[PDB]
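Read the structure below first, then the notes.
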Amino acid sequence: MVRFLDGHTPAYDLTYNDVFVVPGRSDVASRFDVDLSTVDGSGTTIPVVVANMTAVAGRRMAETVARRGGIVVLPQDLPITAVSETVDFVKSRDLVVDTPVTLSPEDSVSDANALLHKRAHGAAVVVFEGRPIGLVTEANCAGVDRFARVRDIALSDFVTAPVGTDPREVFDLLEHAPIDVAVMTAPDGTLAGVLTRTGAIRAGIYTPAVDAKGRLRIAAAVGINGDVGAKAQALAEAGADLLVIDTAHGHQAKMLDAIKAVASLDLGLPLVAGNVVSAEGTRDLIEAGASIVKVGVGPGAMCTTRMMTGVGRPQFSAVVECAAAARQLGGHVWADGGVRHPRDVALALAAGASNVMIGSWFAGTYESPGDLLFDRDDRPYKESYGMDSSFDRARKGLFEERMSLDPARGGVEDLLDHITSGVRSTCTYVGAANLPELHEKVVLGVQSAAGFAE
Amino acid sequence: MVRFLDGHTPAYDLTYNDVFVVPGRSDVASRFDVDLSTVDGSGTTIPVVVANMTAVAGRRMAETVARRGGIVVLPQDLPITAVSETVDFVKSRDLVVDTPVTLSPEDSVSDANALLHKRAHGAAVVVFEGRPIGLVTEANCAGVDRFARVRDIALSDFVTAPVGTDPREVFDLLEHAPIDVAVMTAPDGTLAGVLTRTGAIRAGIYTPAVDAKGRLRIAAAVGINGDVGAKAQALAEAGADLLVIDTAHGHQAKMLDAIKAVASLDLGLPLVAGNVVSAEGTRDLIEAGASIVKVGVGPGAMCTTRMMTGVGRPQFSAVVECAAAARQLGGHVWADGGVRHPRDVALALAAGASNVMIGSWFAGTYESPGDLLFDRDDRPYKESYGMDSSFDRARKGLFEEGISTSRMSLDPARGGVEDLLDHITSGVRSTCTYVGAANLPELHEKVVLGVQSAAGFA
Amino acid sequence: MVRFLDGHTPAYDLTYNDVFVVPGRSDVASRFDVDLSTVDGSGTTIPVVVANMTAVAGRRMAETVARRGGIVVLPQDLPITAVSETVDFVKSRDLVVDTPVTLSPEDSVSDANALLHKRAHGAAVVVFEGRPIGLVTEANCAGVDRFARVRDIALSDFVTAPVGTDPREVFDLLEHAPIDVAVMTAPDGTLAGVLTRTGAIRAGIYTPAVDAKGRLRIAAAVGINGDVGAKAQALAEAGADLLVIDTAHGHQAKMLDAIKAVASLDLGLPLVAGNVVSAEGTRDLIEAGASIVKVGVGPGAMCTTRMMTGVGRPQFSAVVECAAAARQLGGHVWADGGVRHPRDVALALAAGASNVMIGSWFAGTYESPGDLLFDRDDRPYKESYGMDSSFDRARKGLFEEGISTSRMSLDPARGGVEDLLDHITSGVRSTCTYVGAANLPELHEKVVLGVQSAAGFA
Amino acid sequence: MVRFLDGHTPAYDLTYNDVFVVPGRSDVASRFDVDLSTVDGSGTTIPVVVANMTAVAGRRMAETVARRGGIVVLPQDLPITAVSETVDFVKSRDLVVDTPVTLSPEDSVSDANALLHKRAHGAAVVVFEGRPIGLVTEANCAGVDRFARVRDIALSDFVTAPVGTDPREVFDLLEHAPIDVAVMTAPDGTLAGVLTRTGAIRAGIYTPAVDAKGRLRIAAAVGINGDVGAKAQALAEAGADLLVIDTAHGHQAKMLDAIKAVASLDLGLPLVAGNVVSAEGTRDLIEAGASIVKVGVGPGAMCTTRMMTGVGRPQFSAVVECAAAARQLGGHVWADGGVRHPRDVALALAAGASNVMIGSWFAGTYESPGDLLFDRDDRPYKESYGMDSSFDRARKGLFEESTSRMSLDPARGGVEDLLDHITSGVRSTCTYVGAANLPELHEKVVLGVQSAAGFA
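Chains as they are written, first to last, in PDB author numbering: chain C, 1 to 387, 400 to 413, 419 to 471; chain A, 1 to 387, 400 to 470; chain D, 1 to 387, 400 to 470; chain B, 1 to 387, 400 to 413, 416 to 470.
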C-alpha cells in the first residue's frame, strides 16, 4: 500500500498534478546506488517500455532501447514477415556497440543527406565490401550537389578500435577527436558498428535487456480482431520475448475471450492485457490469464477520449487501485497514461506500477520511424503515416475519428537519461534503493489547484 | 439513480468539468450495437433536440435533423401562417432522399452562388418544367459574371436513379463520379430530390423520426405572454408533434398558469416546460401538466446570466436532481444547459436526461437560417437577425440587455449539421460501450461516475 | 440567515466566484415590481453607495447619482469651504431635471470642446443673461479654430418646454428631434436645466434620494488622524446627510477612539466606520458607537494588499459573517469589496449587506472628476490627480507604496454613470425575481445559495 | 500552535496561495513601532537572510544587507583565501556610511562606465592618494571616448560633511544638490565613504547587524562532501559569525554525520542544517546538533525539482509542521522556499519561521556579483557565472541538469529598495494582526483557507 499524509483523504480521484512525494529518511548515497530493474518478468533494467504506436516503434527504436535496458513493443497487425525480420535484426546486434548508418560510394548525396538524421551519431560510415573507408557529416553534404556520388566528399580520417575494447579506454581515445564517433572493427577488420563518448558511458551505467540466449529483448502486439490464437502463435515463434493484447476498452467480452485464446497456447511468455482503469477490470483480465495489466483510459480531462465520451479516470488513482488489485492475484501493472515528464514516470512507479509505457513523447527522436523535416523557422520535427468491403469502410469510417524535436538532445538515449535521472532522484528522496522499495517506503500528500496559479 | 465511486461526496455542486465516467464490464461489441432511441414520448431515434432559437431552427434545419432522428422546435412568436407553411413543408419531404437547391435558367449567377451554401450537397439542381436539366458547382460560378443567366454555365452531365432505389447500389453508382450528388427521379421523371455517397450511408444508420402518418416530426414553442391556450391550440392544429413552453425563469406563477392552460385543452401532445434547476421546480411543473421538464439556468460560471445576477446552477447536479424527481412522477427531463462537445451530450444522458437540447452549436452549419459570409481571413461564418408598443418599448428596453444579432464560425471540413450529428452520436455510442449499456435507459442504470479536481485542467 | 444547499459546507472561505444563487418559486411578475430601497438609514432608493475616492466623487457625481437614488461620499481631508460649496451646489439642483454644461458666447472652442465630455448629455447650453440662446455639439467643434468665440458656431434650433412639464409629453416632443436634449425653462424664462429622452425615463424608474427638506442626499468622509470630533461637526453643519469614518485597518484602538469622539457629539446622523472583515471587529466598532460597518480587506487573492501583507478575507464570507454580527447589535453592513459586475452587488446584498460601495468602477464615466483623454487608438479614458518636516515626509514616503494617479477605460456605448446604474440595478432586480423577493429584505431572507468548484472556470 | 478559522480543515497541504491572514484587534499605531528583530541567534534586526547562491552573494551584498539589518551567507566551496578577504573586508566597514565605487584618474572610461552600475549611488568617487578630487556620473561618460582618461571629464563640484555628522543634517545639505551623493570625510580629509538622501533615512530606520566586537555580521556555507570538520573550523577561524550546512536532500545519513562533525567541534556559533519538509527530519537534524532548521523542497508544483522527480511539499504547510517540531526542541526554522513577494516573507513568519531566506530575487540588483547588461530593448539585467576527475566529469554530468540571469527593476534597482518593499509589507502584516514584533506575530495570528476560484 501507499502512505498518504494524515488527514489527506480526498472526495475525488487523483491525477499526477494532484499529488507530491514527501522525502523521508534516506541511507542512499548517490543515484548510482539505485537498481531500476523490474520484477514483472519483462526483463527490463529500467522501468521504461515503448508503446506499440507505429510512429514510435521501428527497427531502430527497438534496438537502441533494449541496449539501454528498456524494451519496445511492435505494432499489432504488422506483417508477420516484417516482424520476424526485425526480431532477428535486433536480437543479432551488439550489446555495447551501436549500429551506424552505412553508405556505399555509389549512393547519391540526397540519399546520404537524408540518411544522416536517421541516427543520433551525427556521422555516416561509408562501406566498401564490408569495410569502412571513411565518414560523412552534414558539413560534408553542405555545398556538394545533390546528385554527386559520396566518393567525392568522403572524409577518410577517423578513429578505430577493435570490437570488445574496454569502453573506459575508448572514451579517452575519442577525447581530442574532431568527430565524436569511433568506428568499431571486427577481428578481420570488417565493420562491427560504432561508439561515441557518451554512448560509451552508457555501457558503464545502463544494463542491457537480454533473453535466455543473451540476445536483446523485444516484444510485439496483437488486436482482439480475427484469429487471436493464430497471431500470438506466429509472433511467439518469430522470437518475441513478450506479448501484448491491446484495445481501447480493455474490459469487454471480446478481450476476455482473446486472453483465454492466447493463455491456452501456453507459450510460456509474459502476457499483457489491454486497457482498464478499475480493480474489477484488473481482476477480470488477470483471471482470463493475463500476467500483466496495462492501465489508462482518458487520463487527461481535456484529451480527445474524454471530450468525446466523457469516459476516463485520473491516472494516479487508476494506477494505485489497479496495481493493488494485481498484487493480490500475484501480478503486475503497466502505466499507459501518456507521459511527457520524468515525474510522470516516478509517480507511476510510486503508485505501484512495475513498468511505465511511453507514447508519442519518443516520436520526437532520430530513432523513430518517421522522416526528419524542418518548418519555416527551420526547427526539426519528425513525421510518419498511420496507414475490407468498400461500402463498409465508409460506413465504419463515418463514426471514426508529427511531434517537435529537441535540437539540443534529439536522441531517445537522451530522453532516457532525463527520465532515469529523475526516477533515480525520487528514490534517493524517499530512501529507497530500488523500485520495490520505492512502492513500500513512499509517502504522498495531496495539494490543491491553487499552487498552479499565476 | 446514478452511482458515484465510494468516497466521492463533494461540498459543491458538479459541472460537466467536475466528473468522469468509469468503464465497467461490457458485452457490447461495437457502437453499431447501441440503441439511441428515447422513451420520453418525443419519438426521436437519437438523443438530440434542436433548440427554439431563431438563428438555429428553420425549415431546412427541421427537415435535415428529423431525417436522421432528431427533432427541431420552431421559435415562439413565429407567425402562425409561417409555421403552418414550414410544418406542411417538412412533413411532405422524403425520408431517405434530401432536398437539393432548385434553379431556373432565368435566375442569375449571383443568386445561384448564394444559394449553393444553403445545403451541404455542394451542388445545385437546375430544373426545367419540373425536370432536372443539369447541375451547378461553385467551380461553374467562379469566373462567370454575376448577371449572366445560369443557362450558360450549366453542366448537363450528372448521375440519375429512380426514387426507391436501394441505397447500397446508389453508393456504388456514385463511386467514380466527379460529383458526389446523385439526382433521384420520380416515376414520371420529375425531381424527387438528391442523395450523396455519405448521405446514402446515413439512411443506413440513422432512423428517421416520423409521426403516426409516417411524416417527419417537428415541434414548436410558445411564450407565457398573451394567450397561451390560443397559441398552443393554433400550433397544435397546425400540425406540431410536440409543444414547448419556454421562459427564462421556469419556476413562477405565470409559467404554472401557462402550463395548466395548455394542459386543460388536452391536445394529447407531449408538453415541455420552461427552465428549472431544482427538484421543487421540476415537481411543480409536472403537476401543472408538463410531461417533460427542461433544465438549465445560468449553467456557466462566467456566462452572461451568472455574471449579471449571480444566479444559476452547475448543470450535471441540476440534471441529476431534476431527472430523479421526474422519474418519481413518471416523466422526463431535457437538458438545456448549453452543449459545445459530445461529452456534454453523453454526461447529460448519463445523469438521467431523456433528451438533450442543442444550442447555438448548430448555428455554424449550412442548414441554419442565416446567410454564409466570409471574414478578413476568408473563414466561413453564418449570420442571422433577431428582429412593441408606443415608445413604452424604450422604458422596457432600458433594463433589457439589448443584444444585437450574432454570428457563429463554420467548420470548413465538415460544415453540415449531419456531420456534427456523426460527431455527437459517435461519442455517445462509445460512452454506452464503455459503460456496457446497449441503450439509453441502460446507460442511466449502469453508469458509474467519479469526481476530479480542478488541478487536472492545469 | 443565508441558506446553503444541503451538504455544501466548505473547509474554506468563499469569494463571489465560489457561490451561485439557486432560483426558488417566484410570484414576482417583472423587475419593476422590486423595491430596491434600503433600510439602513442611508436613504438610498437603490443599494448603491459611491466611494469616497478622489477620482470618483465630485460635484457632478453627487448630483447625478442622488437623482437616481444613490448617495456619494465626499473625500476625507477635503477643504471644508470646498465641501460646503459642493453640498450647497448639489442640494440646490432639480430632482427631475439635470444640469447641462453652460457656455458664454465669449468662451473659446477649446474650452467648449473640453467641457462637453464632462456630462453625458452630448450637448452644451449657450447662455445669455441667464437665458438659452442655443446648443453646441461635438460636430460643431470639428472644423472651427480652437480660439474662435463660440458665438460663431452656435446652432439656435432646439426644443423647449416649461419646467415642471410632464416627462411623457417631453419624450413625444423630442421623438423626431435631431438633438436628444430638451431645454427646461423657469417661469421667468431663465434656464432651470435640461432633460433627455432616456434621462426622462429614469425619473419614471429611479426614485431620488432626498433629506427632510426634500434636498438630494450627500455624504462625507473623515480620516482617523487629528481631531475627529471637530472635523465631523464641521461636516454635519455643512449639510452632510451621513458620515463615514474610514481607514485601512478598521479594527484598532485608534479607530475605536475616533468613533467614540463622533458618537459623543450626538449629531443625529448615520455613522459609518472603516474596514474590517471579522465578527469581533464588527462588534467593537458598533459598540464604540458606529451605526453601519463597512467591510472588506484584501478581497482579491492577487490584489496589492494581499500580495504585500498576505492579509485579507474572501468577500462573500466576510459580508455574511459581519452582517450577522451587525444585525444582532441592531445595525447594518456596507460591502466595500471592489465590484466590477452586477452580480457582485447582488451577491453582496444576498449575503446580508444593506448597501454596496462602488469604487473606481465609476471613475470610467463622463460624470467623474477627471478630464477625458484619448489614447493612441482613440479610445476614451478618464484621468485625475491624487495631489510634515521633509525629513519625516521622506521618512514616511520610504515605506509608502508611492503610487501615482491612475486612469480608467470608458465604455464607448454607455459612458454615463447613469448607464452603469441601469446595468447594475437590472442585474440586482433579476436576482430578486429569480429568488422570489419583492425587495432587499426579502432577498436576504428567501435566497438559497450553493458552492461551485474551480473546475467550472476551465 | 497556529489558529485557523473554524471549519478550515483541508484534506490537502497548503501553499502560500492557499491561505490568508485575518486581521485581529490592534493597539499598534504605525509600522515604525514594530520590532523585526529575530531571537534565533542570527543577530538580524530584520527577518531576512540572503541565500548562499553564487549569483546573489558577493562582497558588496554582505556589506549592504548587514548594514540594514540582514545577513548574507557565503557560498560553499568558495576559496578559503577569498572568504577571509571578504570577511575581513565586510567586518571592517562603516555602520552608517556606505562604500562608493572608487576611481583613479588613470582608469579608462570603459572601466568607469562599467564600474558605475556595481553600486546604487549613481556616482563614482575619483580618488587621489586617498583623497576625494571629484565625482563621475553616467552623464559624464556619455560623449567621452571609451579610452580617454577620466581626468578630463571629472566634475569637482560635490557636497561634503565630516564623518560622524548627524544624517538629518546631511540630508538638508544634499537638498538642492544636483548630485544625490554626499562625500563623507575622515578627520584627516581622506575618503570615509558616501551617503545619499534616502540612505540617510535608512540609518534612522534600519538597525545594523553586528557581532560582539561591533563588526558587521556575515555567514558562510559548507557542503557535506569532503572533510566537513576541516572546512567548518577554518571558516569559523576566518571570522564567520554563523554557519550553514546545505544540501538538496537534508534528511539522509550523510547529512547527519556532517552535522555531528561540526557540532563536536563546539565552535559556539549558530548552526543551520540543510533542507527538509517533515517534522521527523526537523528533529533528526536538531538531534544531530543543528541549532536551526532550513526548510523547503520542491515548493512549487511546476518547479524543476517537482517536474523531474515528483518530490516536494507545499511550503506553508511544510514550515508550520517543521517550526512546531523545532519550537518543542528549543530550536528554530528558516523558510527556504524561494520568495518573489513581501507576502511570502510575512506568511512564512506567520507560519512560525524565525527567519526567511531570499533567493535569486536579489540577483536582479546592483549589488549582486554579476555584470549589468542591457537587452535589445535596452532593459537592465544582471548576469553571473556558476563556474577534479577527468572521467567522472562525463559520468556524473550525464544525470546532471548553465548560469542564469535576472531582470532588474528600473525604478528600484538596489537591494535596499527591495528591503524597503519587503519590510513595508511585513510591518503592515504585524499592524494587521496587532503584533508589535515577530514573536507576537506567530502568537497572535489567525489564518484561513481559500479555494482556487478566487484566482479566476
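We treat Cβ as the ideally placed atom computed from N, Cα and C, and that holds for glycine.
Integer Cβ distance of residue i from residue j, believed to fall under 8 Å
i	j	result
residue 120 of chain D	residue 367 of chain D	7 Å
residue 451 of chain A	residue 37 of chain A	7 Å
residue 237 of chain D	residue 279 of chain D	Not really, about 35 Å apart at Cβ, beyond 8 Å.
residue 5 of chain A	residue 462 of chain A	4 Å
residue 25 of chain A	residue 251 of chain C	5 Å
residue 434 of chain D	residue 411 of chain A	7 Å
residue 328 of chain A	residue 13 of chain C	The pair is not a contact, with the Cβ atoms about 30 Å apart (cut-off 8 Å).
residue 74 of chain D	residue 219 of chain D	7 Å
Residue i in three-state terms, based on DSSP
i	result
residue 158 of chain A	coil
residue 363 of chain B	helix
residue 13 of chain C	strand
residue 65 of chain D	helix
residue 255 of chain C	helix
residue 405 of chain A	helix
residue 37 of chain D	coil
residue 191 of chain C	strand
residue 22 of chain C	strand
residue 335 of chain B	strand
Residues sharing a beta bridge with residue i, DSSP
i	result
residue 469 of chain D	Paired residue(s): none; residue 469 of chain D is not in a bridge.
residue 45 of chain D	Paired residue(s): none; residue 45 of chain D is not in a bridge.
residue 3 of chain C	C:460
residue 455 of chain A	Residue 455 of chain A is not bridged to any residue.
Short CB-CB distance (under 8 Å) between residue i and chain E
i	result
residue 466 of chain D	Looking for chain E here will not work: the only protein chains present are C, A, D and B.
| field | Runs of alpha helix (DSSP H) lying entirely within the region 269-325 of chain B, each at least 4 residues, in chain order | value | Counting whole runs of 4 or more residues, the region 269-325 of chain B contains the alpha helix (DSSP H) stretches 279-287, 304-309.
| Three or more C-beta pairs below 8 Å linking the region 42-62 of chain D and the region 337-350 of chain A | Taking a cut-off of 8 Å on C-beta distances, the region 42-62 of chain D does not touch the region 337-350 of chain A, as fewer than three cross pairs fall below it.
| request: Please confirm if the region 148-168 of chain B is in contact with the region 182-193 of chain B, defined as three or more CB-CB distances below 8 Å between the two stretches. | output: yes
| message | My parser needs the beta strand (DSSP E) runs of 3 or more residues fully inside the region 200-241 of chain B; what are they? | response | 219-222
| query | If you pair each beta-carbon of the region 107-126 of chain A with each one of the region 222-238 of chain A, do three or more pairs fall below 8 Å? | reply | Not touching, per the Cβ criterion.
| request: Would you be able to state if there are at least three C-beta pairs under 8 Å between the region 286-304 of chain B and the region 327-337 of chain C? | output: no
| said: Assess contact between the region 144-153 of chain B and the region 79-88 of chain B, defined as three or more Cβ pairs (one per stretch) separated by less than 8 Å. Is contact present? | reply: no
| said: I want to know whether the region 65-79 of chain D touches the region 200-210 of chain D - three or more CB-CB distances under 8 Å. | reply: yes
| request: Examine the Cβ distances between the region 422-431 of chain A and the region 359-373 of chain A and report whether three or more of them are shorter than 8 Å. | output: yes
| Three CB pairs or more closer than 8 Å across the region 307-321 of chain B and the region 441-456 of chain C | yes
| Length at least 4, wholly inside the region 73-154 of chain D: the alpha helix (DSSP H) runs in chain order | 80-91, 109-115
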